[PDB]
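Form deposited in one PDB entry, single chain, as C-alpha cells, below.
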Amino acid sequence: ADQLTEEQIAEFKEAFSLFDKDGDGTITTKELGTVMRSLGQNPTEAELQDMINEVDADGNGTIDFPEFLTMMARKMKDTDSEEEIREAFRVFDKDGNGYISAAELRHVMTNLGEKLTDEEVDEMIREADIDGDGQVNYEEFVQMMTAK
C-alpha cells in the first residue's frame, strides 16, 4: 500500500473539503458543527471540541488533513453494530416514503450551502439508481454502501 492511488487521495480530499467549508486547510468547531447539523446531528460546542481534541495531535485546536484522516480511521471502518443505515437513509429520505428524490438530495446539498443544477443532482442519483426511476430506494442505498 506504500502509496495511495490518486482516486483514493481525491476521495479523501472530497471528504475533508466537505467539512473545511472556507477551504483554509483546517476544520474548526464552527465548520464541523455546521456540517454535522446539515447531515442530521445536533452536537453542542463542547461535544465538537471533544471531537477535535481526540485527533488534534499538534494541539492547535483545529483539525488539519492528516488529523482528519485519523478521525475517519477511528470513527468509521465499517463493522461493529451497523444496521442503522436506516437513520442515514432517513437524513436523505426526509418524508420517509422509502425513496430519496432529487428534491430531497438537493435539500441536503442546499443545507450544506451548495447550489446544484438538476443535471448535477441527477448525476449524484445515478451513483445508486439501479432501476432508473430517478430516485434512490433503501435497497439501492444499501447496495451503494458495499459496492466498488
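The first residue of the shown sequence is 1; numbering continues from there.
Visitor: Please work out which of 81-89 and 51-59 has the higher mean CA B-factor as recorded in the PDB entry.
Guide: Here the higher of the two C-alpha B-factor means belongs to 81-89.
Visitor: Which third, lowest, middle or highest, does the C-alpha temperature factor of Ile130 belong to within its own chain?
Guide: For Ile130, whose C-alpha B-factor we compare with every modelled residue in the chain, the answer is the highest third.
Visitor: Could you look up the Cα B-factor of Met71 in the entry and say which third of the chain it sits in: lowest, middle or highest?
Guide: Lowest third of the chain for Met71's C-alpha B-factor.
Visitor: What third of its chain, lowest, middle or highest, does the C-alpha temperature factor of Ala46 fall into?
Guide: Its C-alpha B-factor, which the entry lists for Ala46, ranks in the lowest third among residues of this chain.
Visitor: Determine, from the deposited record, the chain-internal third of the Cα B-factor for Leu105: lowest, middle or highest.
Guide: It belongs to the middle third of the chain when residues are ordered by C-alpha B-factor.
Visitor: Taking the C-alpha B-factors as the PDB entry records them, is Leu39 in the lowest, middle or highest third of its chain?
Guide: As the PDB entry reports it, the C-alpha B-factor of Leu39 lands in the highest third of its chain.
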